[PDB]
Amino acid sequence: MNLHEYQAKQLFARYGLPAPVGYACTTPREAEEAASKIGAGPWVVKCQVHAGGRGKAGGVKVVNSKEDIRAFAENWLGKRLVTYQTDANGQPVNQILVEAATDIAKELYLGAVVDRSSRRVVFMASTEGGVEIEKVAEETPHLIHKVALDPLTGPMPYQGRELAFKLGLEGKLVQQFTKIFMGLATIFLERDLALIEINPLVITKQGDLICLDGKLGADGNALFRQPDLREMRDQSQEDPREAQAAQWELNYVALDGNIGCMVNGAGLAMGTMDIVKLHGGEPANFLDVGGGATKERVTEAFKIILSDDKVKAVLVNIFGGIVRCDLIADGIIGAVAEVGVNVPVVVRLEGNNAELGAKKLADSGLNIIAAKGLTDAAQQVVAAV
């Protein structure tokens, strides 16, 4: 899961890593009162949403009066910010971060992720701060420096030093960098992180390192042992249907199409979306039925898929699992019946009693086409549209 910038900075602070003096505000009144607590202006005001590119979207500004801070807050609180990293609806802004302005001398880049290729936690540093690191990579790769954490020894000072020297730092900036490196590496391992991005990591005119921005991602699979992180999840930043599906042990992700997909298995789910696309169809979503395809869970699946007005048809594809196709066929019928599905439903059952099930479906009397083979099923749903 992702954390808000203000939440990330609060964590860096707990680990003794420099961040601007700031305050998270939920009302325009808190925002303007923050100014005096901070000190003399100008002040920086930032909308807090998980997506990046907030600046380009006008969610980041430097203001000169309490009056302006207030105006910024009253303009964003309650609205949805739209960045190049959000859908068209953007994300809700329920917090404005108000912090002290910083005298920038230079912008650096410091990040960390789990490199699946070398199977290690890897830190990247670059002198090209304030830019989409991905671009720096493909264009000037020699400007990106990396080090991998040794599973046997944990982070070591010489590694923080290595990056510092490669970035051309010198004097107290070298120790400052190493300290930051050791700190972030420690957080990463202790809090079971997945991603860390200090962009930019700024060198001030006064000659110090400070984290002007911050991005953290935690390994969801580890939240069972990360009490604090667990509490920082902000549901409003995601599609509510996603969390809703997870509750019923379903994996959902919305798309743009008129054909709903309900499949058991992530791989098969993606494969079925692909085959529909292949035969001229436009998949409306991704929905992987995790738990057994009971009447109840299948019902929730339908409700969730159909909550999208764009859906004109629904393709169901289920292979084996822990139940028999005839039983699953009944559950699907019971489900369709109870929800009152108002669109064509093409089902494809496979496994134990595959035919006995296809039969019950063909005879349900409801609007259920029992396909024969995956390719057939695909052609028919695309057809029904």
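Residue numbers here begin at 1 and follow the sequence given. For the two forms, the rigid core is made up of the largest set of C-alpha atoms that agree within 1.5 Å on superposition.
Trainee: Between 25-33 and 323-331, where do the CA atoms move more in 6 other deposited structures of this protein, taking the root mean square over the structures and residues after a core fit?
Mentor: Once the cores are fitted, 323-331 deviates more in 6 other deposited structures of this protein.
Trainee: Fitting on the core, do the C-alphas of 285-293 or of 105-113 deviate more in 6 other deposited structures of this protein?
Mentor: Once the core is superposed, the stretch further away in 6 other deposited structures of this protein is 285-293.
Trainee: Please compare 135-143 with 203-211 and name the stretch with the higher mean C-alpha B-factor in the deposited structure.
Mentor: On average, C-alpha B-factors are higher across 135-143.
Trainee: Comparing 89-97 with 217-225, which stretch shows the greater average C-alpha B-factor in the deposited entry?
Mentor: Going by the record's values, the stretch with the higher mean is 89-97.
Trainee: For the listed 11, 21, 368, 24, which has the peak Cα B-factor recorded in the PDB entry?
Mentor: Of the candidates given, the C-alpha B-factor peaks at 368.
Trainee: Which has the highest CA B-factor per the PDB entry: 40, 322, 49, 60?
Mentor: Result of the comparison over 40, 322, 49, 60: 322.
Trainee: Ordered by C-alpha B-factor within the chain, which third holds residue 315? Give me lowest, middle or highest, please.
Mentor: Answer is middle: the recorded C-alpha B-factor places it there.
Trainee: Can you tell me which third, lowest, middle or highest, the CA B-factor of residue 192 falls into for its chain?
Mentor: Bottom third by C-alpha B-factor.
Trainee: If you rank every modelled residue in this chain by C-alpha B factor, which third holds residue 31: lowest, middle or highest?
Mentor: For residue 31, the deposited C-alpha B-factor lands in the lowest third.
Trainee: By the recorded C-alpha temperature factor, relative to the other modelled residues in its chain, which third is residue 256 in?
Mentor: Answer is highest: the recorded C-alpha B-factor places it there.
Trainee: Pull the Cα B-factor of residue 248 out of the PDB entry and bin it into the chain's lowest, middle or highest third.
Mentor: Its C-alpha B-factor belongs to the middle third of this chain's values.
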